Amino acid sequence: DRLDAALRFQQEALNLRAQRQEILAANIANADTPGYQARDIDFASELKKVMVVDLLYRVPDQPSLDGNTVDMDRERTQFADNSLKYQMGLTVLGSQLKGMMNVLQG
Amino acid sequence: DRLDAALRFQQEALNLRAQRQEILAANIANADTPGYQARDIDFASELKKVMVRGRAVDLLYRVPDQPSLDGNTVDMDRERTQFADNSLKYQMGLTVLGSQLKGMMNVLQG
Amino acid sequence: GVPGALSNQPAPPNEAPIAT
Amino acid sequence: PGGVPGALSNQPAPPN
Amino acid sequence: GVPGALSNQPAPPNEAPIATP
Amino acid sequence: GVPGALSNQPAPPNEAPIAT
Amino acid sequence: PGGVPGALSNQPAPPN
Amino acid sequence: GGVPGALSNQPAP
Amino acid sequence: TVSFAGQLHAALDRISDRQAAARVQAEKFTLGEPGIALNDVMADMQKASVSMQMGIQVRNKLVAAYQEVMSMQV
Amino acid sequence: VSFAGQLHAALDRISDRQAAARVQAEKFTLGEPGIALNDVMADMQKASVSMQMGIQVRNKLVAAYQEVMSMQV
Amino acid sequence: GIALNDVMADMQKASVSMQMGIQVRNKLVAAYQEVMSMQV
Amino acid sequence: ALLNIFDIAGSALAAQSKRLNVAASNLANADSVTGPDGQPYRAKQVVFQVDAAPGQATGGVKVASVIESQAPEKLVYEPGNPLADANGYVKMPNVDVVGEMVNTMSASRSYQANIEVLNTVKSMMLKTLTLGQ
Amino acid sequence: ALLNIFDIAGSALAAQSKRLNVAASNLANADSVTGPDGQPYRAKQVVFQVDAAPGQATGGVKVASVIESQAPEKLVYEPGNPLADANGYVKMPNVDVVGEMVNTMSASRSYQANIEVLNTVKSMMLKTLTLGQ
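How each quantity is defined
Residues numbered from 1 in each chain as written, not as in the entry; some residues may be left out. Chains lettered and ligands numbered in written order. Part of a larger assembly, values for the part shown. Heavy atoms only, no water. Helix = DSSP H or I, 4+ residues; strand = E, 2+ residues; numbered from the N terminus. Rg over C-alpha atoms; globule rule 2.2 N^0.38 Å. Buried < 20%, exposed > 50% of the residue type's maximum accessible area, 1.4 Å probe, protein only. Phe/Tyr/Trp six-rings, centres within 6.5 Å; stacked < 30°, edge-to-face > 60°. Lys NZ or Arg CZ within 6 Å of the ring centre and 35° of its normal. Pairing = 2+ DSSP bridges. Core = buried A, V, L, I, M, F, W, Y, C linked by side-chain atoms within 4.5 Å. Contact = heavy atoms within 4.5 Å. Buried area = accessible area lost by both parts, 1.4 Å probe. Salt bridge = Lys/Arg side-chain N within 4 Å of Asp/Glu carboxyl O. Polar contact = N/O pair within 3.5 Å; in protein donor to acceptor, adjacent residues only side chain to side chain. Nonpolar A, V, L, I, M, F, W, Y, C, P; charged D, E, K, R; others polar. Least-squares fit on C-alpha atoms. Axes fitted to C-alpha atoms, helices over the stretch in contact; angles between N-to-C directions. Parallel < 35°, antiparallel > 145°, perpendicular 65-115°, else oblique. Patch = residues over 30% accessible without salt bridge, like charges linked within 9 Å, V, L, I, M, F, W, Y side chains within 5 Å. Areas by Shrake-Rupley, 256 points an atom, 1.4 Å probe, with all protein chains shown as cover. Expected span 1.5 Å × (residues − 1).

Turning our eyes to something else, we now look at the overall build of chain I. Per the secondary structure count, chain I includes two helices and zero strands. Computed over the C-alpha atoms, the radius of gyration of chain I is 18 Å, more than 25% above the 11 Å expected from 2.2 N^0.38 for a compact globule of 74 residues. Along the longest, intermediate and shortest principal axes, the C-alpha atoms of chain I span 65 × 25 × 15 Å. Every one of the 74 residues in chain I was classed for burial, and the buried ones make up 26%.

Here it is as structure tokens:
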């Protein structure tokens, strides 16, 4: 359907933002697990792949003794950024749907 | 009637979410009551039964996390999390049912 | 089962005795 | 059914 | 490379011995 | 001039010196 | 002629 | 231009 | 061999299967089945709404044209 | 050059503006540097206003055509 | 350039003038057909 | 001519975003000692000008250029750090933290005011589009 | 990836965390006689560089590496220790106490200032997205 092609990009971006949000929250929740590696996804490459998931390990900053590589500050900033981008995607998708609607209303 | 059948699922799910919200509120209100076992219902199985049979839920006990000397099973973290999730799903059900009703109304609008 | 799952049977009563 | 909530029901007591 | 980048390899285990082996 | 009124002439550049 | 907004142009500047 | 905005994507690509 | 009735049936089918797919996705998401996302549910519902508005507007135009043609006198 | 030509030009301009705003939004969502959220949001705003203008022009134009066709000869 | 304020106002003015012309012509045509539908 | 408000407020938003970014960059490097070239970090500030071409009455605002702040470099006596002076006077940036925090707050408030201007202007444009209907 | 302000302030937070970690490790090893190999602990220092991604305009803070201080190691006459040299002076680390407490306080206040900057920006960020809708 042509309607899907117009809204495909924003829907895929929104779904990818939700998945990465879940991954970041999993990183936050498992901060205290000894031996847990902080995982993340490269948003742009996966968005290419879906439009046309694989988890990448985060490069550790400080060496802990229990093997936990989760850094609070980095993932807190990433979490806030992902929340903001999810809201922006919701706004853009809603604007596109509302425009398609006011075209029809009459 | 077909107007009932097309709208039955979300209405029954909304009613079940209201009942489970009542149960969770009872669990939270009883957070300090000695000898109170936290109760809940399995939403999916109960909703399947409601659809299959036709319209008295089975109150299942929640497994305790940690033992308390007063015999109180209510774990407040799990109860708060489930209360928030139940509220969100209730909002979802309201929105979907309203979308269906408004779609019918816009169809009837000449 | 899982610490936070749902079961059909009440949890056994918990008591803390001074000495066994 | 229930009893005193809080202090008096959360301490080790002699059997009775 | 930079702390906070993305790599396809898990970091090596974080061992800290008390004496030289 | 009354503050908030309109005048056709611009206000002079104001300065706050430290020593006269 | 504009200038730097905020802190720099609202603190007492040097005489010259 | 020389300065990217605060609300822009990391200049570092 | 084109068929206007066939084309209308195909369009009505397209709308009805879109609505049914969105409804079933909402069904599974309410039932708690893993793999379904809330944003996808809302987006599919809104897509179905847009499709139904498409159908309603085409219906209005076709009915108005038919009535104006049939209100003519020979 | 003609009225149909002018209407086609207006439609092309509105569609081009909307496509430009959409492309900039997708570029921002992509993570490419230099694209600011301010510009994205303002351009989406302008595109929405232009779409609404086109809708109003279409509504009136259709109303005027219906009025003319209702004339009794 | 021209703003929505001017575009909309002239658009409305043209719609009003066109409606006035249509109504006046309809009145004239109705009067003419009433005259010609006579019986002498 | 309500469309020009779009350009005016968008330029204002971009300029305030740039100013906030520069202030935050200064604040985050208050404790820096070295640059990419080895030079000490110099506190920087934007310059605001009226975005009016010759013959234009009133426009928005534009960032002309980014300039090094005029203030003495903060001298620190640490002749043990590998970076030092002839007499061990490490040069640290001249960032005034209170000024940068106040600048950030002011930029945020001006940004929000411009957003309100844009919102009400769009509402008016829609209402104008609903003139006779 | 990150918005420019987010990246700058998050880099500031990470750099302050690294500086605080270095200070804490130095304060812990203030009385250490030997490491895991048989060499004295050397006080660590963290060097802040400006991560000027564009040409000289702005940028957050990065940390190139943790360097080992070059100061006269403290000598304590303990000839009975196996780590004493020919003259008998065991080597104690050059960790100064006052400097590390001052560093901890300064790192904490820079961390909190950057946190406040992010908190201030956040409301403007969320309010930007209401412009379209």
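Now that the structure has been shown, the text picks up again.
Let us look at the packing of aromatic side chains. Counted under the stated rule, the structure contains two aromatic pairs over all chains. Considering the side-chain rings of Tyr77 of chain L and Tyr89 of chain L, the 6.0 Å spacing of their centres and the 55° angle between planes classify their relative orientation as tilted. On the criterion of sequence distance, the pair formed by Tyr77 of chain L in strand 3 (residues 74-77) and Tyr89 of chain L in strand 4 (residues 89-92) is long-range, its members being 12 residues apart. Judged by relative accessible area, which is 57%, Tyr77 of chain L ranks as exposed. Using a relative accessible area of 37% as the deciding quantity, one classes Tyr89 of chain L as partly exposed. One cation-aromatic arrangement involves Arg39 of chain A over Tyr57 of chain A; the distance from NZ or CZ to the ring centre is 4.2 Å.

Let us look at the sheet that holds strand 1 (residues 39-40) of chain B. With antiparallel pairing, three strands are arranged side by side in an open sheet as 1(B)-2(B)-1(C). Edge positions in the open sheet fall to strand 1 of chain B together with strand 1 (6-7) of chain C, since each of these has one partner strand only. As paired strands, strand 2 (residues 60-62) of chain B and strand 1 of chain C are joined by two bridges and run antiparallel to one another. Residue pairing for strand 1 of chain C: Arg62 of chain B is matched across the bridge by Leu6 of chain C.

Before going further, it helps to spend a moment on the nonpolar core. In this structure, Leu7 of chain H together with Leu3, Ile5 and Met125 of chain M are the most contacted members of the largest nonpolar core, which totals 44 residues. Every element with two or more residues in this core is listed here: helix 3 (72-104) of chain A, helix 1 (3-30) and helix 2 (37-69) of chain J, helix 1 (4-36) of chain K, helix 1 (4-28) and helix 2 (97-129) of chain L together with helix 1 (4-28) and helix 2 (97-128) of chain M. With near-sequence residues (within four places) excluded, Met125 of chain M lies in contact with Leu84 of chain A, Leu7 of chain H together with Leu3, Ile5 and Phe6 of chain M.

It is worth spelling out the interface of chain M and chain A at this point. On the chain A side, the residues contacting the 17 residues of chain M number 14 residues. With both chains or domains summed, chain M and chain A bury close to 1,300 Å², and 63% of this area falls on carbon and sulfur atoms. Of all residues in chain M, the largest losses of buried area upon contact with chain A belong to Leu2, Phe6 and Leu129 of chain M, amounting jointly to 35% of the total for that side. Between chain M and chain A we count zero salt bridges in total. At the surface where chain M touches chain A, the tally comes to two residue pairs in polar contact. The set of elements that each furnish at least two residues to the side of chain M that touches chain A consists of helix 1 and helix 2 of chain M. It is helix 1 of chain M that provides the largest number of residues to the side of chain M that touches chain A, a total of seven residues. In the side of chain M that touches chain A, the residues fall into 11 nonpolar, four polar and two charged.

The partner chain M presents 33 residues to the 30 residues of chain L that form the contact. Carbon and sulfur atoms supply 62% of the area that chain L and chain M bury against each other, a total of about 2,600 Å² over both sides. Summed over the shared surface of chain L and chain M, the result is zero salt bridges. Here chain L is connected to chain M by 10 residue pairs in polar contact. Every element with two or more residues in the side of chain L that touches chain M is listed here: helix 1 and helix 2 of chain L. If you tally residues by element for the side of chain L that touches chain M, the top one is helix 2 of chain L, at 10 residues. Across the side of chain L that touches chain M, the residue classes break down as 15 nonpolar, 11 polar and four charged.

A comparison of contact numbers over the 20 pairs of chains in contact places chains L and M at the top. Here chain E and chain K are not in contact; the least distance found between their C-alpha atoms is 49 Å.

Superposition of chain L onto chain M requires a rotation of 37° combined with a translation of 22 Å along the rotation axis, giving an RMSD of 1.9 Å. Different-surface contact between copies: only 3% of interface residues of chain L are shared with the interface of chain M.

Orientation of helix 1 of chain L relative to helix 1 of chain M, taken along the N-to-C sense of each, is 10°, at an axis distance of 10 Å. Taken together, the axes of helix 1 of chain L and helix 1 of chain M are roughly parallel relative to one another. Where helix 1 of chain L abuts helix 1 of chain M, its residues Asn21, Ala24, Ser25 and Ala28 of chain L lie against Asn4, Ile5, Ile8 and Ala12 of chain M. When the residues that make up the contact of helix 1 of chain L with helix 1 of chain M are grouped by side-chain class, the tally is five nonpolar, three polar and no charged.

So, on to a nonpolar patch on the surface. Residue and element names in this part refer to chain M. Judged by side-chain polarity, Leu27, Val97, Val98, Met101 and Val102 come together as a nonpolar surface patch covering roughly 440 Å² of accessible area. Mapped onto the fold, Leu27 is located in helix 1. When its relative accessible area of 31% is taken as the criterion, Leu27 is described as partly exposed.

Moving on, we come to helix 1 (residues 4-31) of chain I. A rise of 1.5 Å per residue sets the reference length of helix 1 of chain I, with its 28 residues, at 40 Å; its end C-alpha atoms lie 40 Å apart and thus fit the reference within 8%. Along helix 1 of chain I, the positions that sit buried rather than exposed are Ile15, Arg18, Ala22, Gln25, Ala26, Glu27 and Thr30 of chain I. Buried residues in helix 1 of chain I make contact with helix 1 (2-29) of chain A, helix 1 (2-29), helix 2 (43-53) and helix 3 (76-108) of chain B together with helix 2 (38-70) of chain I. In the segment just after helix 1 of chain I, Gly32 of chain I is the residue with positive phi, at about 90°.

Along the chain, the position of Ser32 of chain L falls in the loop between helix 1 and strand 1 (44-51). Beyond its immediate chain neighbours, meaning those up to four positions away, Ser32 of chain L contacts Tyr41, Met92 and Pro93 of chain L together with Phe48 of chain M.

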